[PDB]
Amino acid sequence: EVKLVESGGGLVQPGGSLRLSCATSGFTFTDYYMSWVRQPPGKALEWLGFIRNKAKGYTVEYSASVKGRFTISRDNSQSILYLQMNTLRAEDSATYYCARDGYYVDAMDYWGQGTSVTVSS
């Protein structure tokens, strides 16, 4: 059974930092990519980037929207995905979904329940 559990959500103030976590299971972690998609309350989904798998070299990619500020890393041993965020701008706020990606179906076939981020002064 595939499981993706995100965590580390809550109130923060802009410019600060926040570390989002995403535990996995039920599949060979290193066999797949791992993407981060976010959805601002009342808005559409946004792909932030992924981290490739073992065969590719666990290299990372980012959308122009978050490139530089956010950085993605993984922990193959424990099979845990991470999103290191920097300068939590007012439009950074939203529910953050980690997902299972790759070049097999070229899609995110498994998603987590997400973790909410709210930026309040």
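Numbering starts at 1 and follows the sequence shown.
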property: Flanks modelled, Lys67 absent in at least a third of other entries; result: no
property: Third-or-more of other entries without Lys43; result: no
property: Of 13-21 and 105-113, the one with larger mean CA B-factor; result: 13-21
property: Mean C-alpha B-factor comparison - 47-55 and 87-95, higher one; result: 87-95
property: Ranked against its chain, the third holding the CA B-factor of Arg69; result: highest
property: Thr28 CA temperature factor, ranked by third within the chain; result: middle
